[PDB]
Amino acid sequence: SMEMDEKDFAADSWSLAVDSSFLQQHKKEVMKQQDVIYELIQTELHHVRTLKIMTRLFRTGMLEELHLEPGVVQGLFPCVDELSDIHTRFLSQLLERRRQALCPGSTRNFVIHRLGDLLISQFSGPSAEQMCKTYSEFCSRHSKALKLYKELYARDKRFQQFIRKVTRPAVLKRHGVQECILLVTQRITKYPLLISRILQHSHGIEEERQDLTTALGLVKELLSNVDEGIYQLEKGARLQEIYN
């Protein structure tokens, strides 16, 4: 992540991120809705940061420093480029919606009144098809990626030294190769929890309550489709095992 965005999301909540004199001007219900919206963006920034560690630090680091067999690096980080593109675009729109909402003369005081429209766009049409396609593929290759990681760490000395070296910094404490893969898989199921709590505090405007209710239903339809398209791939799985 970039420093501009890290500072905007360093606070534990929206009520702590905005100026105290700006906060005082708002009703409690707005503050509560804004806190959950801030959490949705902050965790999306962290999710995008996880995907950059997988592509730039791990994947590219392995390609430019190790002599692994062709196709090994793809098996360790499946669909990471497609995933990073999907989520960097969604984060871009979330951050642009916050920036348009800033008060003049301020880089921290904002209120997001419209969010449902953006969530309906993300979880509908071709963007929903690409997320469904990419997560079904990713989550079916999850087990095979972990097993491949365990084989390489146990047998190759240069792979073990590479991993120990790039994950040694404290900022990487909870971001190893296996942690990144579970962090990515778990992400999709966090959206209905976040959207339902935003909806809980968005009854003031009827259009907003309806857009969020639609977006919630779209996310659940996507999660149900991803879940139905999953079948764990095994390295060296015979055909007889697959069709039985």
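Whichever C-alpha set is largest while still superposing within 1.5 Å between the two forms counts as the rigid core. Counting begins at 1, following the sequence as shown.
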{"query": "Core-aligned Cα RMS comparison in 9 other deposited structures of this protein - stretch that moves more, 61 to 69 or 38 to 46", "finding": "61 to 69"}
{"query": "RMS Cα shift after core superposition in 9 other deposited structures of this protein, winner of 130 to 138 and 70 to 78", "finding": "70 to 78"}
{"query": "Of 60 to 68 and 173 to 181, the stretch whose C-alpha atoms average the higher B-factor in the entry", "finding": "60 to 68"}
{"query": "Stretch with the greater mean C-alpha B-factor as recorded in the entry, comparing 101 to 109 against 151 to 159", "finding": "151 to 159"}
{"query": "Which of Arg197, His203, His46, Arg187 ranks first by CA B-factor in the deposited coordinates", "finding": "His203"}
{"query": "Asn225 by Cα B-factor - lowest, middle or highest third of the modelled chain", "finding": "middle"}
{"query": "Cα B factor band for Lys32 (lowest, middle or highest third within the chain)", "finding": "middle"}
{"query": "Assigned third (lowest, middle, highest) for the C-alpha B factor of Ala128", "finding": "highest"}
{"query": "Third of the chain's Cα B-factor distribution that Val73 belongs to, per the entry", "finding": "highest"}
{"query": "Chain-relative CA temperature factor third for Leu23", "finding": "highest"}
